[PDB]
Amino acid sequence: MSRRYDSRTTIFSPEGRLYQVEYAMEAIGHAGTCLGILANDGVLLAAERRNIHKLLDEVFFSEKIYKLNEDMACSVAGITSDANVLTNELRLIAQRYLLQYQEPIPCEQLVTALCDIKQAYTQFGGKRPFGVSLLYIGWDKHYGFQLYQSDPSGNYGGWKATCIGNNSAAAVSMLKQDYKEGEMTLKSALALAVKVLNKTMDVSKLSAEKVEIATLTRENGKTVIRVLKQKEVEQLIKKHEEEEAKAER
Amino acid sequence: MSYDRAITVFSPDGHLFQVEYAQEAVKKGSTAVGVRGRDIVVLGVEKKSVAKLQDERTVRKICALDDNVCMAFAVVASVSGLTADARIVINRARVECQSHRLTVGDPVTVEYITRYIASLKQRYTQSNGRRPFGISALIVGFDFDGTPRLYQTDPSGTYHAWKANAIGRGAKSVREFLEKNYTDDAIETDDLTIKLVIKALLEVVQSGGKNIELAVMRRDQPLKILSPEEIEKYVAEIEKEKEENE
Amino acid sequence: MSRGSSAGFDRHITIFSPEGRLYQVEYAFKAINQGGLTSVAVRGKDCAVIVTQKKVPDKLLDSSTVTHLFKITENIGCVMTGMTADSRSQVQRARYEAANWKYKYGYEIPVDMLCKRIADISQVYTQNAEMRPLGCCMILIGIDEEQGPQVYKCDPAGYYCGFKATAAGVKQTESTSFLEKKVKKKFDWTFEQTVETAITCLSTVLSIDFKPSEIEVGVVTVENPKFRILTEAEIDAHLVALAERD
Amino acid sequence: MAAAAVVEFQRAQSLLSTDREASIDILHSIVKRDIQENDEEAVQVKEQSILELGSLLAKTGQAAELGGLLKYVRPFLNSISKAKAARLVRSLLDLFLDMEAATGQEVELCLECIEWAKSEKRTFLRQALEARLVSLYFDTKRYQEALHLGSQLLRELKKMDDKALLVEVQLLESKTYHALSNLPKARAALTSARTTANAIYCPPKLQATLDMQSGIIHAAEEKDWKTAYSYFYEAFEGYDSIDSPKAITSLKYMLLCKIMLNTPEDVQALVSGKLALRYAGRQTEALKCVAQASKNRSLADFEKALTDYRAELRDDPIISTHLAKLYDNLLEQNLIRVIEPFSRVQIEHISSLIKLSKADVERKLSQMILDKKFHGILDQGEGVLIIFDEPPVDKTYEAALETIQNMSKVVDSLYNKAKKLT
Amino acid sequence: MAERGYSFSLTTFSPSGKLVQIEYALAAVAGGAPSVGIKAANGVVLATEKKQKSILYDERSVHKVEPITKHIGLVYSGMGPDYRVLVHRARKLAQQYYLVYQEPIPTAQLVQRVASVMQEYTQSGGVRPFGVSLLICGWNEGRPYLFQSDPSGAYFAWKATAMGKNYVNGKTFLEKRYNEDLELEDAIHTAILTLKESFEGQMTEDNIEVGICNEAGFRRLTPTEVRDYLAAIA
């Protein structure tokens, strides 16, 4: 090209290839890292909240990691403003699935329902593209614990370790590298989660004001999802902290 | 806003901008070849975009829309390995196919879904705000009649049947390549039908035959995806014969 | 130049300028200066009084037929200030909103609620991509049967603020300043007092002083269960009183 | 518990009504209470309890028993163990400064405090205590102890933090530096302090301190009188409300800028009502008498004001230094006029003209010969002052002297190479 | 072509990856009246500059600290129209909430729901975002709440923040003076000082309105009541 034929999504690209999506991917990198690691009794999500400021009202512990359903939770990397419509939408879909199927909703099914809305916005209706990558964490009895990655465009993939945010390229390779398979436990995936989160992020300290950590753990055959509170979060950070400290001068 | 920028402007080219441009995307990412056989019409894909930690069950580059019609695609655009655009098209085309069964019975014909899909992209050119899908699908199947068909759709939405047709990684290149391999013998024999697919894929070979996924589909019967392990058996032997021609 | 910036979408379709205020909204205020209607409204305890130029340029016009005082409720009244094209469109809109409400609530409307509600409607015009905000100001008069006489004014975009004394027009800043002295040294109100104070401040700012067939003064008094237009008979009496008053 | 009721309230009244004897039994209940037991609810009772204790202390009527009670303020502060403990401290500091609970006990209590502050609580609370310690030591005239403490704090952190309370320690450090007669270390410190100040974020007491320090550096040292005065006017108005001793100083300082400028008009106007009358004490008259003495050109008038007024003049170290600089300049200006004919003017004729006494003039002249602040010689054997007339050229000797010294360096180099010959 | 079309639109994406539009909206609020909100943790205070100057404002039915429901108030900055629709929808949503649970809505659930709505305008094209930043106060569950919702359609948790004229300077004072847990009466005193930084032209006999939220509930306060706090600390 030499000029876009976009300026609306009710008019389209001078190549028919959508530039806006590549700027959206860059948008996840602007925002803080989101990572998901797999465990053999749970799955956990670790995300960097928008708020770093000391003054926090703290009525919410969920401000980027939202528990949607009685089987699944998701996280946001990107603009916070976008999650609010999405999170309420996800709640509707998630319970919608239960009504008909009444099964521990699989991660692949929830993500495909959402991808229908994101692909339409980019095609028509004059709505601006999304700028969030969401990580869905859940349990089904047919493959186990799963992690899925959704992109602004509607592009999806099942992972068991994936990271986006604070330069995606580096982060996904690193998360993989430190990940091990079938050697894991929930406490050690959590200790590791802070460590990797620390390296991708500029900070070498990190606090529960900066970070918000969620578990999804299966107990007595049913999935209990909680986003953890600050004192509990701090304990995972301090566990990591001794190691981080030795790296430093 | 400018005249050129707008979705309405039929352009000196003599054809609408957004329809033209979608047509210039049917090379690069993924590769889909389909050849026609008596007993199986077979499609094969190379590149499901899998790191082999990524689920291969999630990414469908070979999806059965009916119980005797299946399709494999490829396409060009921004951001690699892009599941989304292809995935909406699978969802509307597959439901419509099941709805067709309900209205007017038995497995729906190859040619009808292909007519529906070509028109689906076309209607969009009238519709508000909507450009056509840049996708070419190699609709592979058997009719209820059992008459094997191999159909291909294009981004404007004109469709033609072929005996054998290949797209992606340069559409024109793979079409030309496939024409040397195709013979009337190839269609009659059950071993050769698979090899004909694989033979077009290999001129942009990446990562084994485990990367390459093939399906055979029969007259009224569901998609049978041959193991990622079986495919490898054909590739080792054939790949040597391949080097010689180009 | 002028407020806002031409760059991007903000006059093609309504999407914010750098100022964070719409291009059209900042321009919207300027639309009052286009009109040439300079109004001051003063609030009593026995009546709410509005005084405005009626804008009759010639006696070829009929003084009665020309108006800018409208009856928008059952005894709530208003005056229009600014671009006349905007002003009639706002009047008619206010009237619909007024009737619906009267029924629902079941009794005559508070002056505050009516101004608040039109203020919500005008945001709608601002927000919609086809439309553009109103360029006019509606100054509502009425006596709330609890609090007493209230004078409200709504801004072009649909800003709302409370007022117990207001002015609007070309010379908005000057008219509000003359009235501000009078509010501070508040006289005790009666039908005659309140009217005398409204006219006198408007006549200092303009420095011409009104004719008894070229202004329209509109009151909602306790003695009328209707909205009443003073007409030439009443206004002439206050006007000769002004010269003598001080 | 007690916060402005029961035991503490009863004590307040007991100091005011009866005698000190009466207060003692009461105070024991309050000390016991403060140790780990406290009002932990931040819904009025708490800020009242530390405050009520601060009012008993700085009531005052000071005695040793009351000092002991002051030592307890620190456990009361420790017990609170919250964020709210810091705000309480800031508020408390002023009451102490205006009226001591006792000088010797307070300096020691503060030194202890800093250690506690750096650790458990916030740097907001840490900054505030240091400003008390520094002010305390300064009046004691252990000018060094105050600076050493303040500097210890600055050194530990400044890495990314400034705060209004942190500036206040630095304002008080500048004041100590002005009194020694050293502007550099003070000027550096001024900068950091004014920058956070620009946008108000502070109670009136901080604002007045920032204004008063900026003024001392600008008045005497940098010597711009318009700049000094302007800050002083703000400082007084801020000071008057919370403070007592501070406000007194700031008003004299207002007069001081203008005395050096040597206009009477401004001094007289300032003496008079802005809020000036209440704080205006005996020292307004000292400052006023010295202005008239500079103006009139009488040295004798000046010596007299210093002697009589002295205790008050001496107490604030800053004032004394300022008054002293003013004294050396006055003395030099006045002499030049009388001496000017040269030759052998008699010490007595000059004495009369200059507006000095016989005893004083002899001594002033004696100091001056050494200092060479008039370039004469004083003859005590005859009882005359001779001033050195212009002599014939020194130039001839000096050029010879310079040439011979350079040749001596050269000779030392010249010999060494020569050794080679023999 | 240039950056002008691409960047401004919310019918398609900014090429920056974050929208230049929400940033524009914050500038609007800067041009608005100065507003401070502080959760003491004994109650919440919302205070704003209200233009009287002679008493030119009805304070008998129109205010700047305005109740949404029984125990929730809002104070605002920026564009006046955008807000009026926002109030009326917000109260509507609240009433649906009071109807169902039989408890007036808390600030923390309300901001999130309110954010969903403001996001829709930040998504829709031809439709601009709401150009009001809201300070929401509340006391529900025995705990006071203060939240900030920005024009983007996002909600952020704060114990104390500043909006309107010179917000950068407000946030700096708040962090500096404010301590966790305080008394609601001391809290008003610092809020009036927070306003006083960038008031403009300074307070007359009363040219502020303050509303308090506490145990008994959110109430906007009368011009006389408001004046008593201003004498203590201007």
# chains A, B, ... in the order shown; residues from 1 in each chain; ligands from 1
call {"tool": "residues_around", "arguments": {"residues": "stretch 86-96 of chain B", "least_positions_apart": "6", "cutoff": "8 Å", "atoms": "only C-alpha atoms", "output": "PyMOL selection string"}}
result
(chain A and resi 116+119) or (chain B and resi 63-66+73+113+117+135)
call {"tool": "write_last_selection", "arguments": {"atoms": "C-alpha atoms", "output": "CSV table (one decimal), in the first residue's frame"}}
result
chain,number,residue,atom,x,y,z
A,116,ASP,CA,-17.8,-15.4,16.8
A,119,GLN,CA,-14.5,-11.8,14.1
B,63,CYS,CA,-12.9,-29.9,8.8
B,64,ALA,CA,-15.9,-31.9,7.7
B,65,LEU,CA,-18.9,-29.7,7.2
B,66,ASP,CA,-21.2,-32.6,6.2
B,73,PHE,CA,-8.1,-24.0,2.7
B,113,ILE,CA,-22.4,-26.5,-0.5
B,117,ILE,CA,-20.3,-20.8,-0.1
B,135,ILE,CA,-10.6,-17.9,1.1
call {"tool": "closest_atom_pairs", "arguments": {"of": "chain A", "to": "chain C", "cutoff": "12 Å", "atoms": "only C-alpha atoms", "output": "tab-separated table"}}
result
residue	atom	partner	partner_atom	distance
A:7	CA	C:9	CA	9.1
A:8	CA	C:9	CA	10.3
A:126	CA	C:129	CA	11.6
call {"tool": "interface_residues", "arguments": {"of": "chain E", "to": "chain A", "cutoff": "7 Å", "atoms": "only C-alpha atoms", "output": "PyMOL selection string"}}
result
chain E and resi 1+5-6+9-13+15-18+108+112+115-116+119+123-125+145-146+152-154+157-160
call {"tool": "interface_residues", "arguments": {"of": "chain E", "to": "chain C", "cutoff": "8 Å", "atoms": "only C-alpha atoms", "output": "PyMOL selection string"}}
result
chain E and resi 4-10+21+24-28+54-63+79-82+84-85+125-128+131
call {"tool": "write_last_selection", "arguments": {"atoms": "C-alpha atoms", "output": "mmCIF file, in the first residue's frame"}}
result
data_model
loop_
_atom_site.group_PDB
_atom_site.id
_atom_site.type_symbol
_atom_site.label_atom_id
_atom_site.label_comp_id
_atom_site.auth_asym_id
_atom_site.auth_seq_id
_atom_site.Cartn_x
_atom_site.Cartn_y
_atom_site.Cartn_z
ATOM 1 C CA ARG E 4 -5.494 11.997 11.079
ATOM 2 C CA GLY E 5 -8.239 9.605 10.012
ATOM 3 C CA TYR E 6 -6.831 6.417 11.426
ATOM 4 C CA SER E 7 -5.936 7.576 14.875
ATOM 5 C CA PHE E 8 -9.148 9.564 15.722
ATOM 6 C CA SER E 9 -11.703 6.840 14.703
ATOM 7 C CA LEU E 10 -13.526 4.406 16.951
ATOM 8 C CA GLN E 21 -9.684 9.101 22.061
ATOM 9 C CA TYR E 24 -8.787 13.251 24.617
ATOM 10 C CA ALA E 25 -11.610 12.666 27.002
ATOM 11 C CA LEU E 26 -9.361 13.168 30.094
ATOM 12 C CA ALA E 27 -8.386 16.696 28.752
ATOM 13 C CA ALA E 28 -12.124 17.475 28.695
ATOM 14 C CA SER E 54 -23.921 35.675 44.375
ATOM 15 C CA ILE E 55 -26.024 32.492 44.661
ATOM 16 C CA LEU E 56 -26.802 32.171 40.983
ATOM 17 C CA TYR E 57 -27.402 28.401 41.367
ATOM 18 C CA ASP E 58 -30.564 26.662 42.648
ATOM 19 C CA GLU E 59 -29.399 24.565 45.521
ATOM 20 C CA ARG E 60 -32.955 23.345 46.322
ATOM 21 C CA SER E 61 -33.209 20.739 43.690
ATOM 22 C CA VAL E 62 -30.031 20.824 41.585
ATOM 23 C CA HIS E 63 -26.595 20.204 42.915
ATOM 24 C CA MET E 79 -18.759 17.465 29.708
ATOM 25 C CA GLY E 80 -22.165 18.258 31.164
ATOM 26 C CA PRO E 81 -24.498 16.441 28.605
ATOM 27 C CA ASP E 82 -22.581 13.217 28.694
ATOM 28 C CA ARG E 84 -26.759 13.672 32.484
ATOM 29 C CA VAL E 85 -27.552 10.566 30.529
ATOM 30 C CA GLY E 125 -18.130 4.116 15.824
ATOM 31 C CA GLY E 126 -19.676 7.562 15.196
ATOM 32 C CA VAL E 127 -20.406 7.468 18.845
ATOM 33 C CA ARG E 128 -17.930 9.244 21.036
ATOM 34 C CA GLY E 131 -16.498 12.611 28.611
#
call {"tool": "atom_distance", "arguments": {"atom1": "atom CA of residue C:39", "atom2": "atom CA of residue C:139"}}
result
8.8 Å
call {"tool": "residues_around", "arguments": {"residues": "residue C:223", "least_positions_apart": "3", "cutoff": "10 Å", "atoms": "only C-alpha atoms", "output": "number ranges by chain"}}
result
C: 46-47, 220, 226
call {"tool": "select_by_dssp", "arguments": {"residues": "stretch 112-175 of chain B", "states": "helix (DSSP H, G or I)", "output": "ChimeraX atom specification"}}
result
/B:112-123,171-175
call {"tool": "residues_around", "arguments": {"residues": "residue E:35", "least_positions_apart": "5", "cutoff": "8 Å", "atoms": "only C-alpha atoms", "output": "compact mmCIF listing (two decimals) with C-alpha atoms, in the first residue's frame"}}
result
# COMPACT_ATOMS: atom_id res chain seq x y z
CA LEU E 46 -16.96 14.15 47.54
CA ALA E 47 -16.35 17.89 47.25
CA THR E 48 -16.48 20.18 44.19
CA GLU E 49 -16.34 23.80 43.17
CA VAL E 75 -19.34 14.02 41.81
CA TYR E 76 -18.19 14.82 38.34
CA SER E 77 -15.95 16.75 35.90
CA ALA E 162 -8.31 13.87 42.23
CA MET E 163 -9.94 14.96 39.03
CA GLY E 164 -10.67 18.12 37.12
CA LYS E 165 -8.38 21.13 37.05
CA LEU E 195 -9.70 21.84 45.88
call {"tool": "residues_around", "arguments": {"residues": "stretch 90-106 of chain C", "least_positions_apart": "4", "cutoff": "10 Å", "atoms": "only C-alpha atoms", "output": "list in words"}}
result
residues 68, 69, 70, 71, 72, 73, 74, 76, 78, 79, 80, 84, 85, 86, 110, 113, 114, 115, 117, 118, 119, 121, 122, 134, 135, 136, 137 and 138 of chain C
call {"tool": "atom_distance", "arguments": {"atom1": "atom CA of residue D:156", "atom2": "atom CA of residue D:197"}}
result
22.0 Å
call {"tool": "residues_around", "arguments": {"residues": "residue B:121", "least_positions_apart": "2", "cutoff": "6 Å", "atoms": "only C-alpha atoms", "output": "VMD selection string"}}
result
chain B and resid 118 to 119 123 to 124 132 to 133 157
call {"tool": "write_last_selection", "arguments": {"atoms": "N, CA, C and O atoms", "output": "short mmCIF file (atom, residue, chain, number, x, y, z; two decimals), in the first residue's frame"}}
result
data_model
loop_
_atom_site.label_atom_id
_atom_site.label_comp_id
_atom_site.auth_asym_id
_atom_site.auth_seq_id
_atom_site.Cartn_x
_atom_site.Cartn_y
_atom_site.Cartn_z
N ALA B 118 -19.83 -20.02 -2.40
CA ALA B 118 -19.45 -19.02 -3.38
C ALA B 118 -20.41 -17.81 -3.39
O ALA B 118 -19.93 -16.69 -3.35
N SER B 119 -21.76 -18.11 -3.28
CA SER B 119 -22.77 -17.12 -3.12
C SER B 119 -22.74 -16.40 -1.76
O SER B 119 -23.21 -15.27 -1.69
N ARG B 123 -22.81 -12.26 -1.71
CA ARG B 123 -23.96 -11.48 -1.24
C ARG B 123 -23.41 -10.31 -0.40
O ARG B 123 -24.03 -9.25 -0.23
N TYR B 124 -22.25 -10.51 0.17
CA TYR B 124 -21.52 -9.62 1.02
C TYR B 124 -21.02 -8.28 0.34
O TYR B 124 -20.77 -7.28 0.98
N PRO B 132 -15.65 -9.35 0.68
CA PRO B 132 -15.78 -10.81 0.64
C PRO B 132 -14.57 -11.49 1.31
O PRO B 132 -13.50 -10.86 1.32
N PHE B 133 -14.81 -12.80 1.71
CA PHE B 133 -13.78 -13.61 2.34
C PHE B 133 -12.81 -13.97 1.25
O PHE B 133 -13.15 -14.15 0.05
N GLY B 157 -16.18 -15.60 -5.60
CA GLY B 157 -17.28 -16.47 -5.45
C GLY B 157 -17.66 -17.03 -6.78
O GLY B 157 -18.84 -17.13 -7.02
#
call {"tool": "interface_residues", "arguments": {"of": "chain B", "to": "chain A", "cutoff": "10 Å", "atoms": "only C-alpha atoms", "output": "ChimeraX atom specification"}}
result
/B:1-8,17-25,49-59,76-88,91,127-134
call {"tool": "atom_distance", "arguments": {"atom1": "atom CA of residue D:94", "atom2": "atom CA of residue D:132"}}
result
8.4 Å
call {"tool": "closest_residue", "arguments": {"among": "E:118, E:231, E:226, E:40", "to": "chain D", "atoms": "only C-alpha atoms"}}
result
E:40
call {"tool": "residues_around", "arguments": {"residues": "stretch 264-278 of chain D", "least_positions_apart": "5", "cutoff": "10 Å", "atoms": "only C-alpha atoms", "output": "list in words"}}
result
residues 233, 236, 237, 240, 244, 247, 248, 251, 252, 254, 255, 256, 257, 258, 259, 284, 285, 287, 288, 291, 292, 294 and 295 of chain D
call {"tool": "write_last_selection", "arguments": {"atoms": "C-alpha atoms", "output": "PDB file, in the first residue's frame"}}
result
ATOM      1  CA  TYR D 233       5.578  39.017  54.682  1.00  0.00           C
ATOM      2  CA  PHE D 236       4.669  36.158  59.377  1.00  0.00           C
ATOM      3  CA  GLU D 237       1.030  35.604  58.351  1.00  0.00           C
ATOM      4  CA  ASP D 240       1.134  33.925  63.627  1.00  0.00           C
ATOM      5  CA  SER D 244       4.221  32.049  69.171  1.00  0.00           C
ATOM      6  CA  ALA D 247       6.193  34.727  64.599  1.00  0.00           C
ATOM      7  CA  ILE D 248       8.243  37.253  66.743  1.00  0.00           C
ATOM      8  CA  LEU D 251       8.421  40.361  62.070  1.00  0.00           C
ATOM      9  CA  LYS D 252      11.894  41.728  63.152  1.00  0.00           C
ATOM     10  CA  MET D 254      10.824  42.156  57.926  1.00  0.00           C
ATOM     11  CA  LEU D 255      12.251  45.399  59.387  1.00  0.00           C
ATOM     12  CA  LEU D 256      15.857  44.106  58.882  1.00  0.00           C
ATOM     13  CA  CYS D 257      15.819  43.853  55.124  1.00  0.00           C
ATOM     14  CA  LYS D 258      14.694  47.412  54.730  1.00  0.00           C
ATOM     15  CA  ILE D 259      17.238  48.818  57.404  1.00  0.00           C
ATOM     16  CA  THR D 284      10.609  46.023  67.369  1.00  0.00           C
ATOM     17  CA  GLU D 285      12.062  49.006  69.231  1.00  0.00           C
ATOM     18  CA  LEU D 287      15.205  47.164  65.243  1.00  0.00           C
ATOM     19  CA  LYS D 288      13.613  50.520  64.969  1.00  0.00           C
ATOM     20  CA  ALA D 291      17.436  51.898  61.589  1.00  0.00           C
ATOM     21  CA  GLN D 292      17.420  55.479  62.915  1.00  0.00           C
ATOM     22  CA  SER D 294      22.103  53.964  60.478  1.00  0.00           C
ATOM     23  CA  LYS D 295      20.165  56.659  58.811  1.00  0.00           C
TER      24      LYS D 295
END
call {"tool": "decode", "arguments": {"residues": "stretch 80-92 of chain E", "atoms": "N, CA and C atoms", "output": "tab-separated table (two decimals), in the first residue's frame"}}
result
chain	number	residue	atom	x	y	z
E	80	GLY	N	-20.88	18.22	30.50
E	80	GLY	CA	-22.17	18.26	31.16
E	80	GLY	C	-23.14	17.39	30.48
E	81	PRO	N	-23.41	17.28	29.16
E	81	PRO	CA	-24.50	16.44	28.60
E	81	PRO	C	-24.27	14.98	28.86
E	82	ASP	N	-22.97	14.58	28.79
E	82	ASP	CA	-22.58	13.22	28.69
E	82	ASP	C	-22.92	12.60	29.93
E	83	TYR	N	-22.73	13.34	31.05
E	83	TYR	CA	-23.01	13.04	32.38
E	83	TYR	C	-24.49	12.86	32.68
E	84	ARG	N	-25.38	13.74	32.17
E	84	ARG	CA	-26.76	13.67	32.48
E	84	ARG	C	-27.46	12.40	32.09
E	85	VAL	N	-27.12	11.86	30.95
E	85	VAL	CA	-27.55	10.57	30.53
E	85	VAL	C	-26.97	9.43	31.39
E	86	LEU	N	-25.67	9.65	31.77
E	86	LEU	CA	-24.96	8.75	32.61
E	86	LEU	C	-25.60	8.66	33.98
E	87	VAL	N	-26.06	9.76	34.57
E	87	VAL	CA	-26.78	9.76	35.83
E	87	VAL	C	-28.06	9.03	35.87
E	88	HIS	N	-28.85	9.34	34.78
E	88	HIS	CA	-30.20	8.81	34.65
E	88	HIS	C	-30.18	7.27	34.42
E	89	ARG	N	-29.25	6.77	33.61
E	89	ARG	CA	-29.04	5.34	33.36
E	89	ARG	C	-28.56	4.68	34.64
E	90	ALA	N	-27.63	5.33	35.34
E	90	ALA	CA	-26.99	4.82	36.56
E	90	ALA	C	-27.94	4.58	37.73
E	91	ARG	N	-28.89	5.52	37.99
E	91	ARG	CA	-29.98	5.51	38.90
E	91	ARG	C	-30.94	4.44	38.45
E	92	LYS	N	-31.18	4.29	37.13
E	92	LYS	CA	-32.13	3.30	36.60
E	92	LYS	C	-31.76	1.87	36.92
